[PDB]
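So this first bit is one chain, no partners, the form deposited in one PDB entry, shown in structure tokens.
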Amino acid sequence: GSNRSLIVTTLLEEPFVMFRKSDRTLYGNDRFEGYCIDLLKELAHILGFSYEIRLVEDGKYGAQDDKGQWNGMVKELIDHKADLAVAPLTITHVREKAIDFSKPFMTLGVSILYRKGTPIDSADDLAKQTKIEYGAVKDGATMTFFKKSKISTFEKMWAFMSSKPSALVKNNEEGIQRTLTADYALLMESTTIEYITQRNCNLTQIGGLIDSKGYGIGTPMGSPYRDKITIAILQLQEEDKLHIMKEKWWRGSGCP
């Protein structure tokens, strides 16, 4: 064991982690802002560590291939290339077999992003039909949810998605654009839907939450920092700081 700064793996995703806008050019950690950047700053202060933020090269959250090999931030942790993954990283039972998670700092569920004014009201309506395309981000928790479901409705939807080489999108930005340009609904985590629908009055959430889960800080399996981060998250919750941080970055814009 050594004393050194922690390496934090992450990726770009609004409003969690973004390149802050400046016209003096910025280096290192100073390049970044967002809810997860604030959370990291608070966790580092409480626990007393310095750190360096590195974007994950493949830009992916993490999913397993047919051989069982991981990619994205999960793989960085597995390979011990980072000490912490600080991102909107969904805690899943499958991922827990490969990495460790703090307790959640945010909770959420899968829901549906679609246009307003349609008669679609639930995931069942989407599995019912064919005119409206639907999908999710590739190599993500939401995709894995459908690929692994044993509920008929979601097995059907996975068959649909999986077979269309367009429905599984590279990231949230491309999914949002598809919703804006084609007859397409995005399966998407509810926190990000809240973020988008507060800023785009022509989009809405369709239905409620299809499941319930949390975002946690990821560590390599067995890391001593996992329980420390958990304790610090509980302190930030008790101090009201996770509340302030959410409302800081989910500020919202006027939608009549």
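Heads up: residue numbers just count along the shown sequence, starting at 1. Rigid core: the largest C-alpha set superposing within 1.5 Å between the two forms.
- Of 156 to 164 and 108 to 116, the stretch whose C-alpha atoms sit farther from the shown form in 7 other deposited structures of this protein, after fitting on the rigid core, is 156 to 164.
- Core superposition of the other structures onto this form places the C-alphas of 24 to 32 farther off in 7 other deposited structures of this protein than those of the other stretch among 212 to 220 and 24 to 32.
- Between 154 to 162 and 69 to 77, it is 154 to 162 that carries the larger average Cα temperature factor according to the deposited entry.
- 24 to 32 and 48 to 56 differ in mean CA B-factor, and the higher of the two is recorded for 24 to 32.
- For the set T107, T179, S111, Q129, the PDB entry assigns the largest Cα B-factor to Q129.
- As recorded in the PDB entry, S122 shows the highest C-alpha B-factor of the residues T142, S122, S102, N171.
- Placement of the Cα temperature factor of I206 within the chain: middle third of the modelled residues, per the deposited record.
- Among all modelled residues in its chain, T219 ranks in the lowest third by Cα B-factor.
- Among the modelled residues of the chain, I196 sits in the lowest third by CA temperature factor in this PDB entry.
- Ranked by Cα temperature factor within the chain, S190 sits in the middle third according to the deposited record.
- Among the modelled residues of the chain, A167 sits in the highest third by CA temperature factor in this PDB entry.
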